[PDB]
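Have a look at this one.
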Amino acid sequence: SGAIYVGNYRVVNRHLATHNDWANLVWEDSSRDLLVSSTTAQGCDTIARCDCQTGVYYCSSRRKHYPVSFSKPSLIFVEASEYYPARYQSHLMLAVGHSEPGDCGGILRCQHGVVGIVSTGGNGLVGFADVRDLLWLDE
Ligand SMILES: CSc1ccccc1CC(=O)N1CCC[C@](F)(C(N)=O)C1
Ligand SMILES: [Zn+2]
């Protein structure tokens, strides 16, 4: 679990979105596993606008933050689930690090601010859904 709160927006993994998220829907993209909903309070997370390939993520299954090197956003195939058939997930970055189902939603940050949220993993790998291209989150 976990979300990004920026301005009047809440960004979450689409497979974990609530009834409230869907009732207050701004935008969603199944291929990115992202959903954005509107909020009543002002969010203060800063979104990074960069091409960093290093950062720190929060890993709930370890109650710890870990430093990581991560790949550039790309199409990476993925397997099924209560959520989505076999498929390519776009705007996805991979890193060598611990993740288990339950870690989805943990924030990845670089010196510039929020980069994305944990989405996918397994085998000593962890994936992050990038949010740095969603320029509209700021305005
Ligand atoms: C951190 S998730 C993880 C980690 C280790 C092992 C397994 C998982 C689970 C996982 O990869 N998925 C199930 C939930 C939806 C999913 F995140 C997606 N974006 O399609 C795929
Ligand atoms: Zn950065």
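We're sticking with Swiss-Prot numbering for chain A, so the shown stretch reads 869-1007, in order.
According to its header, the structure was obtained by X-ray crystallography, 1.6 Å.
Each Cβ is built from the backbone N, Cα and C atoms, and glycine gets one as well.
The active site, for protease 2A activity annotation in Swiss-Prot covers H883, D901, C972. What Swiss-Prot lists as Zn(2+) 1 binding site is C918, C920, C978, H980, and the listing cites similarity to another entry.
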Any idea what DSSP makes of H883 (active site, for protease 2A activity), helix, strand or coil?
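The residue in question, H883 (active site, for protease 2A activity), is helix (DSSP, three-state).
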I need the CA-to-CA distance for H980 (Zn(2+) 1 binding site) versus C972 (active site, for protease 2A activity), whole Å please.
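Computed Cα spacing between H980 (Zn(2+) 1 binding site) and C972 (active site, for protease 2A activity) is 21 Å.
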Output, ordered by sequence, the same-chain residues six or more apart from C978 (Zn(2+) 1 binding site) with a CB under 8 Å from its CB, or 'none'.
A916, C918, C920, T922, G923, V924
Which Cβ among the recorded positions (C918, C920, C972) has the fewest C-beta neighbours inside 10 Å?
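So among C918, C920, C972, the recorded positions given, the one with the fewest Cβ atoms within 10 Å is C918.
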Cβ within 8 angstroms of the Cβ centroid of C918, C920, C978, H980: which residues besides those meet this for the Zn(2+) 1 site?
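Apart from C918, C920, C978, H980, the close residues are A916, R917, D919, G923, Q979, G981, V983, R1000.
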Based on a Cβ-to-ligand 2 distance below 6 Å, what subset of the recorded positions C918, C920, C972, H980 would you report?
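Close enough to ligand 2 are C918, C920, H980.
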Sorry to bug you, but what's the C-alpha spacing from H883 (active site, for protease 2A activity) to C972 (active site, for protease 2A activity), rounded to the closest Å?
9
Can you grab the distance from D901 (active site, for protease 2A activity) over to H883 (active site, for protease 2A activity)? Cα atoms, rounded to a whole Å.
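Distance between the two Cα atoms comes out at 7 Å.
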Per 10 Å Cβ neighbour count, which of the recorded positions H883, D901, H980 ranks highest?
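Of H883, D901, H980, the one with the most crowded Cβ is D901.
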